[PDB]
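What follows is the residue order along each chain.
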Amino acid sequence: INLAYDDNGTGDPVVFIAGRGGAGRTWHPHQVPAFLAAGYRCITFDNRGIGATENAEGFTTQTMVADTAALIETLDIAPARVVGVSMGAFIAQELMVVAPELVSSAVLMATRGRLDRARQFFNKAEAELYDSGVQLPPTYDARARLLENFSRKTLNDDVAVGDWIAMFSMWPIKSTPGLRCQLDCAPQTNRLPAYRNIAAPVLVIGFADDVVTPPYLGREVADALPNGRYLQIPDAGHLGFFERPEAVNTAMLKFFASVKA
Amino acid sequence: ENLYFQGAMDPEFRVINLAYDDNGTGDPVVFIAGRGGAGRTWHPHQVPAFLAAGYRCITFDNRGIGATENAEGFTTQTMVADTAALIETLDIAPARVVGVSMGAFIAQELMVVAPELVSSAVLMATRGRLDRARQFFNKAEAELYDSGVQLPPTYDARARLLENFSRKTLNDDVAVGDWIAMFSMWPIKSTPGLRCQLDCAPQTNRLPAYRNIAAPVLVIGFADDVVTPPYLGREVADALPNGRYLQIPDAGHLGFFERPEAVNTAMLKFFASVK
Ligand code: NA
């Protein structure tokens, strides 16, 4: 299948890969304008399992890597810069393994390279939640999103919390066969040994208060990557890029301006 | 032994008995557990240290816990009155008090209305108002109960883990294994009692009222606590004329269980100087 995508600007191409449950649209409130102002061309799209393909099941990481590859080819932008978060970082990482020629450099946020215990606990809890058929009431659900995703600093802030709660109604996350299948697109094995063969410059960004994918797992990906280096953002939850856009964009942009297209 | 004391009359005009424990012969300390917690939660890390320091330790089952787990229709004033009744029954006024969370809130309210019952207090993981996020967590928790919907067991255990512990504990896999096995030995039963304990929280800002409390008080905030953030506790110490604040690094909501030695040392140091 070809997937919905969204092409802006002219210049060195950057492809954004969202996390589980996220659409291309996730990149537009805070990332795309800042990249455009810096002269890049931005591509965002809907991962398989999202939007038009939310009933897609039986797909794997590998299917998702080929989707991304196909997109990079179909637009004739190889090699592109690649920005990915979480599942998206994991898809970026694996694309660079099978198709290094498609990617010039990458930013990977909130990522990991093996099946660590935090990931297992989360895999079990989430899978269980889906198979039970249970519907969390909205306010309890909004509470879990709040604690899962934001820094302590943010939660202490009355105006922000009102926003983030409001903002949840504009970003409904429907439980779908696609969303369940994306649960499986995560490392199953140690991938760090495979990562030691990636040539491309890579920046790994860890968010300090991240509990879904804690920072130290990003240091590990940065260490396995010959040209990798790790950066940490203080006071950012798992949605660090939405919560601290300026600090996050400045870092991706200083990094991307330092490497060749 | 099986000791009982008579609780306050509730707003439905019933009078129940509550269980308590009494150990030692020394200077009396009354421990008040948080929401969901039986008196026995102070036994592993607090009571031995206080007995070895010559304190007598009173623990008890708050209303809505253990034998009264089906109690409903009570309020913060009912629990404050219950605590006072325990104090008056042992004839130990004015007593040292230690409260955590809901129990710290009960101690704060007890000092507002019955200051002569309490000589000094340690308040852990506390607040004297609910902020936006905490207000919302309270409402979310109420909604869950009221809806009937049971959380699957693994989801439940993960949530419990993340809400209660520090990042330091959370990053250490052996430690996480230990606590999740422990969860099975401290199961939190969902009960009309527990649901009712959810409303013994500030509904209004109580910090003004705390301005008249004269007793020496030590407020302890846990740095990684997200169920009651340290800043709310520090607002409480700022309010109290003789309150002082201390923060325990690397402690989640359950700091007094996770960093018992740092907590204990600070409380025993505080109690040796008071008045
Ligand atoms: Na003060």
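Residues numbered from 1 in each chain as written, not as in the entry; some residues may be left out. Chains lettered and ligands numbered in written order. Heavy atoms only, no water.

- Deposited coordinates in this entry are attributed by the record to X-ray crystallography, at a stated resolution of 2.60 Å.

## Quick look at the packing of helix α2 (residues 76–90) of chain B against helix α3 (residues 102–113) of chain B
All names here are of chain B.
Okay, so step 1: Orientation of α2 relative to α3, taken along the N-to-C sense of each, is 75°, at an axis distance of 9 Å. Here α2 lies roughly perpendicular to α3, going by the angle between them. Residues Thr76, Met79, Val80, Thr83, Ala84 and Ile87 of α2 touch α3, and the partners they reach there are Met102, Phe105, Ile106, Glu109, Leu110 and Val113. (Axes fitted to C-alpha atoms, helices over the stretch in contact; angles between N-to-C directions. Helix = DSSP H or I, 4+ residues; strand = E, 2+ residues; numbered from the N terminus. Parallel < 35°, antiparallel > 145°, perpendicular 65-115°, else oblique. Contact = heavy atoms within 4.5 Å.)

## Let's talk about the coordination of the sodium ion
Okay, so step 1: Here the sodium ion is held by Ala237 of chain B (O), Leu240 of chain B (O) and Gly243 of chain B (O), and the distances to it run 2.4 to 3.0 Å.
Okay, so step 2: The class of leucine 240 of chain B is buried, set by a relative accessible area of 2%. (Donors = N, O, S within 2.8 Å, 3.2 Å for Na, K, Ca; no water. Buried < 20%, exposed > 50% of the residue type's maximum accessible area, 1.4 Å probe, protein only.)

## Some thoughts on helix α7 (residues 158–170) of chain A
Okay, so step 1: Taking 1.5 Å of rise per residue, 13 residues should cover 18 Å, and α7 of chain A covers 19 Å from first to last C-alpha, within 8% of that figure.
Okay, so step 2: When α7 of chain A is considered as a whole, its buried residues turn out to be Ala160, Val161, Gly162, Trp164, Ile165 and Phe168 of chain A.
Okay, so step 3: The inward-facing, buried residues of α7 of chain A abut α5 (138–149), α6 (152–155) and α11 (240–243) of chain A together with α4 (132–147) of chain B. (Expected span 1.5 Å × (residues − 1).)

## Some words on the sheet that holds strand β1 (residues 5–8) of chain A
Adjacent strands of a sheet pair through backbone hydrogen bonds, lying either parallel or antiparallel.
All names here are of chain A.
Okay, so step 1: Overall, mixed pairing links the seven strands, which are arranged β1-β3-β2-β4-β5-β6-β7 in an open sheet. Edge strands, defined here as strands with exactly one partner in the open sheet, are β1 and β7 (228–233). Across this sheet, the average inter-strand angle for adjacent strands is 20°, counted without regard to direction.
Okay, so step 2: Relative to strand β3 (residues 41–45), helix α2 (residues 61–74) is tilted by about 140°, and along the sheet it contacts β1, β2 (13–17) and β3.
Okay, so step 3: Lying on the sheet, helix α12 (residues 245–256) is in contact with β2, β4 (80–85), β5 (103–109), β6 (202–207) and β7; it crosses β5 at an angle near 160°. (Pairing = 2+ DSSP bridges.)

## A look at the sheet that holds strand β4 (residues 55–60) of chain B
All names here are of chain B.
Okay, so step 1: The eight strands lie next to each other as β1-β2-β4-β3-β5-β6-β7-β8, forming an open sheet whose pairing is mixed. What marks the edges here is a single partner per strand, and that holds for β1 (3–9) and β8 (243–248). With direction set aside, neighbouring strand axes in the sheet form an average angle of 25°.
Okay, so step 2: Bridge count for strand β7 (residues 217–222) against β8 is six bridges, and the pairing is parallel. Opposite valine 217, over in β8, you have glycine 243 as the bridge partner.
Okay, so step 3: Here α3 sits on the sheet and contacts β3 (27–32), β5 (95–100), β6 (118–124) and β7; the angle it forms with β6, its principal contact strand, is near 150°.

## Section: the interface of chain B and chain A
Okay, so step 1: Across the contact, 33 residues belong to chain B and 35 residues belong to chain A.
Okay, so step 2: One salt bridge connects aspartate 224 of chain B with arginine 152 of chain A, and the closest N-O pair in it is separated by 3.2 Å.
Okay, so step 3: Seen at the junction of chain B and chain A, the total is nine residue pairs in polar contact.
Okay, so step 4: Of all the elements, α4 of chain B adds the most residues to the side of chain B that touches chain A, at eleven residues.
Okay, so step 5: The class makeup of the residues in the side of chain B that touches chain A is 18 nonpolar, four polar and eleven charged. (Salt bridge = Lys/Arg side-chain N within 4 Å of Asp/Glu carboxyl O. Polar contact = N/O pair within 3.5 Å; in protein donor to acceptor, adjacent residues only side chain to side chain. Nonpolar A, V, L, I, M, F, W, Y, C, P; charged D, E, K, R; others polar.)

## A look at the pattern of salt bridges
All names here are of chain B.
Okay, so step 1: Under the definition given, this model contains 28 salt bridges over all chains.
Okay, so step 2: Ionic pairing is found between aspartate 10 and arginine 14, a salt bridge with its closest N-O pair at 3.2 Å.
Okay, so step 3: Between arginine 96 and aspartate 27 there is a salt bridge, and its shortest N-O distance comes to 3.5 Å. On the criterion of sequence distance, the pair formed by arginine 96 in strand β5 and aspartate 27 in strand β3 is long-range, its members being 69 residues apart.
Okay, so step 4: Residue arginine 96 is classed as buried on the basis of its relative accessible area of 16%.
Okay, so step 5: Given the relative accessible area of 41%, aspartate 27 is considered partly exposed.
Okay, so step 6: Connected through shared salt-bridge partners, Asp10, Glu12, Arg14, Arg63 and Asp82 make up one network.

## A look at the UniProt feature "active site" in chain A
All names here are of chain A.
Okay, so step 1: As recorded in UniProt, the sites labelled "active site" are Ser86, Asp210 and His238. Taken together, the annotated residues stretch across 153 residues yet fold into one region, lying no more than 11.3 Å apart by C-alpha.
Okay, so step 2: Note that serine 86 resides in the loop between β4 and α3 (87–98).
Okay, so step 3: Look at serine 86 and you get buried, because its relative accessible area is 15%.
Okay, so step 4: Apart from residues no more than four positions distant in its own chain, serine 86 is found in contact with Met109, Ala110, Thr111, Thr213 and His238.
Okay, so step 5: Mapping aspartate 210 onto the fold places it in the loop between β6 and α10 (215–224).
Okay, so step 6: Residues within four places of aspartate 210 in sequence aside, it is in contact with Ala110, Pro215, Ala236, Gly237 and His238. (UniProt positions renumbered as here; feature names shortened; annotations may be inferred.)

## Some words on the UniProt feature "active site" in chain B
Residue and element names in this part refer to chain B.
Okay, so step 1: According to UniProt, the feature "active site" maps to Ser101, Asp225 and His253 in the numbering used here.
Okay, so step 2: In this structure, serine 101 sits in the loop between β5 and α3.
Okay, so step 3: Excluding residues within four positions of it along the chain, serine 101 makes contact with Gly34, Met124, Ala125, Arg127, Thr228 and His253.
Okay, so step 4: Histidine 253 gets classed as buried once you look at its relative accessible area, which sits at 12%.
Okay, so step 5: Not counting chain neighbours up to four residues away, the residues in contact with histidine 253 comprise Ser101, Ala125, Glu163, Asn164, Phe222, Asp225, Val227 and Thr228.
Okay, so step 6: At a separation of 3.1 Å, a polar atom in the side chain of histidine 253 contacts the side chain of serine 101.

## Overview of the packing of aromatic side chains
Okay, so step 1: Within the structure shown, the criterion is met by 25 aromatic pairs over all chains.
Okay, so step 2: On the basis of an interplanar angle of 85° and a centroid distance of 6.1 Å, the ring pair of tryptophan 186 of chain B and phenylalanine 257 of chain B is categorised as edge-to-face. Remark: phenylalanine 257 of chain B occurs in helix α10 (residues 255–258) and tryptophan 186 of chain B occurs in the loop between α7 (173–185) and α8 (192–197); sequence separation between them is 71 residues.
Okay, so step 3: Summarising the aromatic geometry, the rings of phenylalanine 270 of chain B and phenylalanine 271 of chain B are spaced 5.4 Å apart at their centres and angled 55° between planes, so their arrangement reads as tilted.
Okay, so step 4: Cluster of aromatic residues (ring-pair linked, three or more members): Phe31, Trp42, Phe50, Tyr55, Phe165, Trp179, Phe183, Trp186, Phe256, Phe257, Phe270 and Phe271 of chain B.
Okay, so step 5: Above the face of the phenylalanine 137 of chain B ring, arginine 143 of chain A is positioned so that its terminal group lies 5.4 Å from the ring centre.
Okay, so step 6: When the ring centre of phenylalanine 183 of chain B is taken as reference, the NZ or CZ atom of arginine 160 of chain B above it lies at 4.2 Å. (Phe/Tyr/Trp six-rings, centres within 6.5 Å; stacked < 30°, edge-to-face > 60°. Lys NZ or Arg CZ within 6 Å of the ring centre and 35° of its normal.)

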